[PDB]
Every structure is written in structure tokens, then in C-alpha cells.
Amino acid sequence: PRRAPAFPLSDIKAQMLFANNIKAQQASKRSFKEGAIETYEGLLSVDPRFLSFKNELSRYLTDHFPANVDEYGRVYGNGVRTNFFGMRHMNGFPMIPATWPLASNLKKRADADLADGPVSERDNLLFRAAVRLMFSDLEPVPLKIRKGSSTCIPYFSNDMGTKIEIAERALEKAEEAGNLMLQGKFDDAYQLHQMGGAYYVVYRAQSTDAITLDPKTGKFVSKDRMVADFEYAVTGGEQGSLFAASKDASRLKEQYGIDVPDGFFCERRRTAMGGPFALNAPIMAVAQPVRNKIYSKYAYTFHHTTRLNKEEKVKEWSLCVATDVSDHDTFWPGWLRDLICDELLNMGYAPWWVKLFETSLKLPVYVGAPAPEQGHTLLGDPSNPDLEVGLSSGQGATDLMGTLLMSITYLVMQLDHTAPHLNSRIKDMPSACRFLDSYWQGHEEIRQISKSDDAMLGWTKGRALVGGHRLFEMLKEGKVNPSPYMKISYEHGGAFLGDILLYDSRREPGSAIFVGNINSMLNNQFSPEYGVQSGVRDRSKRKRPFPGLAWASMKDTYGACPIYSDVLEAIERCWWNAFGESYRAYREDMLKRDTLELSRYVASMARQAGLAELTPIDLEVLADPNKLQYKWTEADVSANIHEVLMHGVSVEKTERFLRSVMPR
Ligand SMILES: [Mn+2]
């Protein structure tokens, strides 16, 4: 077990991060957040007539529109793969209590029996190769940072200039400080450079849940959310328990007294964590160029834009295999850290910085108020941290890790069960070089698309495919997973970033095609996550700028879903059945007001010039900036609002900085 030390919230270390101000001390002292999101301004999540609108919506429509994914998990028909009832929650009120994150799933990795290192030593070499290349050619470019992004841990300053001082001083003595950590002087850099420190628990909120109608009596059973307690946590999955949080709304018919219409539970309380940036500066400064690298040197498996972007790569394929990933974060191996740091150093990457990683990569955490009468438990010991808490959200390069080991285990498994004889062209580390290059160049029969956990796969004429069918079959059975690092199933109802690949009768990659999910659109409408906090002059702080945009963008967006317009029918209809009015004109006017609001926000798009400057994708990024923090990469935005969203960082300081960090 070995508890990760449970220091009281009160601690000087707890202070050193925070600016010891308003939001700082408050966040230290923060109570459990709760509150209906103003799901539309002038419209919370709680309106009962709108709740009946959900009622008609998910009921009458799922009724009319049952899912069309086949046995293989490959998709046909309407292309629905999902209950519409995932709307049906307190989508402003979280399902409570909450999990307590572990410190070591290593035994949990020994339960899923996830491997402690290489399968074959060849595989080791493979690891070393992906590492070899992700740690290879570099063309540094100026770093950039979100405007209005709170410094979070440490100080929680909203000021950009804070982030400036932090990141720049980090550019100045990350060497000295990472050395201090190598010297073990964690708190010295942590209290002078204020580098590193801790994570702060926050929430992702699953907007939906797998509500399941009961034919025999109409029960609406959302998927249960098994979660750890503090003991299951500190005793790395050892003691403690795994358990659903209460889904009930009557507990707010209790507490809030709020009326409880059918099927309306409460959104899942997934938990991200914030953390110090000064080390994330080197992270973006390289990875973002590395992002650009693989997107340039390769893309292919890597480029992510239009469904077209992907589809074109796909229908090509004789065979295609959407992936399905178990708890994507927690499962990341620490021996993987071992090889990371290994070949970092082997390839001259800066040992102090390497120490900086391992610091962050096992950085101490903190729990706020997971339930009322819970948390405010400081965790870990920033003097000898040892956490194996899995992929903490504070890193942005975690995506690199996911995309990594996933692509690994994918391709590997393809060797394992489709192309072992072909491993013969993988004679060594250099062979792994030409190869991996070529595979991310795609000049291979076995194939993939990848983005963190989400991924797919591909195959062709040439002497390897039938085993692809086989491995396909086994995984489709899922009866045993060959993967010793992950529980990777096929996703029945598989998709890639909401690109729901469709199949026809032939069920082929060349058959039917991706669609932008329309149910997902419904989510965008009604089951997203955040409110805006309208009580601020600038929307830059606001979680969710301009929803009306998505309205207009809808065909341009998820009109990729064939049945699109019928969805329009249903929405407008059900709204006339709801508030008895024009959600049409409603949302139109919301769009108009979006243009109004943005109008003063924007200059070069002179007055209300029109929205022609913004890509429909960037339009998606403007109704939805938020996924840019966990979907869109930064460069994607057109430079205008890109800068409205982001601010530049000096190329030079970062340059020489990398020159230090890089083996030159
Ligand atoms: Mn998808």
C-alpha cells in the first residue's frame, strides 16, 4: 500500500505555490463547487420545461432513432451509437460523492497485469526507438501561452505577466533548479524559482452517462461510476473501495428542494488536476515543435482536422480498426519514465531537466472538497515524491504519452499477431528508425491513425492482412487481451474524435464513411459542461464564448451526419413542444448576439464585418475554445482570435533555453 503522505491542507508548501492572495488562499481553502451552469445565458441547467424538452428529446427520438452499429462495432444505418438519454442528468449538478486518486496503480497494472517493461527486448528497442525519434530532430519556434489562463498551481494568478516571470526565470535557471532537485533541493527552486510543487484536483464533468431504458418497466440506468476512496487511493488500490457516487436528484429535491423529473441524475465528476507551468514551458517549447514535427515529418497518423483529413487516408484501407482504450491516464508505466529519462540522457537531454520531468511526472497532489465534508487533504511529499498517480492533467504533453504507448502497443500488437515475420525488417534500432519513419509515413500494410487514446488502424493487399483479420477477431471477442500495458478493446460503436466511421453492407473502410456526430451536437447544445460566469466585462475569462456560432455552423459542422436535417426537425419541433417557441430564432439571435459581443472584441475584422475571416473549424473553436485545451492543438486557430485567445512568447529565450535543454 504505502500511503502517499496525507499532509494537512495547511502547510507552508501549500502556501509556496499559491500567491497567498484572494484566489490563492481561497483555492487552498476551497469548498466543494456546485451550481447549475447557466447552460445558456439567461438559462441555467435547471429549467423544468426544458427538462421536459429533454424528456421528449431523448425519449421520442431514441425511440425514432435506434443506433446502427454492427456486431463488429463497425457502424451502419442512421449511424447512431448512443442513447440520447445521456442528456438526462443534472447537467449543472454533479453526481456526488467523488473518487480519491491513487499514488500507484502499479499493482493495478499488475491486475490488468500491465507489463513492467518490454515484452520482447526487441520491443524494448522499439520503445527506445519511438523515444529515439520523439527525441530527435528539432526546429525550435517561439513558445505561446493562453491569455487569461490562470497560473493555477502555483500562484493561481490570472495575469499573463506572472506566467511570464515564471517561465522566463525558468528559462534562466531551470538548469540550476533541476540540478537542485537532482541535489534534492526541491523546495529551494520551489520557493525561489517556485518550480514544480503540486497538483490541485479539479473536475472534468462527463456531460452524459450511459442511461439505459428498460423495455419491461422504463428504468433509466446511467452507467455506474465506480470510484476510489481515500484509502483505496493511498493504499495504491490496496485498501479502500470502489463505488458509485450518488446519482440521485431527489437528494437535491432533498437539499436544494429542486424538483426531480425522470431520468435526470447528475453529471459525472471526472477529476483533472492543475499544476506548475515553469516546467511546462520547456514542454510546449519542444513538444509543440515536435507536434509540428510529426505533423510535418509524418502527419498521416497524426494530422487532425477535417473528417476529410482522415477519411481520405482511410477509405484507402482494405481494413480499418478503431481502437478502444482503458483508463487512459492512470495506466502510464513508470518504467516507461525510466526508459524516457534513460534515452533522454543517452541522447544528451539535460539531466536537470530530466529531473524536472520526473519531478512533475511523480509530482505531489492535493484534494479539495470531493464531497462536502471531504478532502482538503494535501498529498505527497515534495521532498521525496514517489507518486505513480498516472497521467496528471497538468501536463499538456501527456497527449504525447498517450499517443505514444497507444501507437506502440497498437503497432506492436500488429507485429504480435499480424506481422511477426515482418519484424525481420526490424533488425535493430536503426531499422526501427527507417521503419518508424516509414510507418508514420505509412508506407506499410499494417496501419493506424492516432491521437492520445483515440485511434484507428488500417490494412491492404500484401502478405500480412489475414492475421489482421485474426487479431481483429480476437480483440472483437475481447475474451483475452494480448496487450500487457493496456486493456485495449475494440470500441463497439467506435469513432475517432467524433468522426464516426460508417460502413455499408460491404462493411469496408472504402465503404461508408465518417460523420460528425449529431448526438454530440446535441451535447454541444445541452450536455457540454461549463457555465460562462456572465458577470464579467470580458468573455475571455468565460468558459464558453459563443454557442450561437455552432448553431449556424451546424450543417457545416455535424451536417456530416446524413440524417442531420431530421435532427433539425426534431429540435425545433421539440422546442415548440417545450417553450413553445422558435429555438430557431432563439439561437439565431444568440448567434447574432455572439457577433455583437465579439464585434467589439475584434478590431481587424472591422466592425461587424462578418465571420468570413474564421474557418468553420475555427468557428468550432469559437463556439468551443475549450476543447483546444484537450482536443485542438494551439496552432489550429486562425491567428486573429488565436491571439485573442493566446499570447506570444519570445522565440529567443526559449531558443537558447532549448539549446541548453536539447543535447545542444
Ligand atoms: Mn471520434
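FYI, residue positions are counted from 1 along the chain as it appears here.
Cβ atoms here come from the backbone N, Cα and C positions, even for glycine.
Here is what Swiss-Prot records for this protein:
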{"type": "BINDING", "residues": "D453, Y490, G494", "note": "Mg(2+) binding site"}
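In the three-state DSSP assignment, the secondary structure recorded for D453 (Mg(2+) binding site) is coil. Within the same chain, the residues at least 6 positions away from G494 (Mg(2+) binding site) whose Cβ sits under 8 Å from its Cβ are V69, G73, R74, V75, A322, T323, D324, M456, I500, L501, listed in sequence order. A C-beta separation below 8 Å, combined with a sequence spacing of at least six in one chain, links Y490 (Mg(2+) binding site) to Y72, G73, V321, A322, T323, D324, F472, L475, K476, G478. Using the Cβ center of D453, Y490, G494 for Mg(2+), the list of other same-chain residues with Cβ within 8 Å runs, in sequence order, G73, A322, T323, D324, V325, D454, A455, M456, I488, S489, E491.
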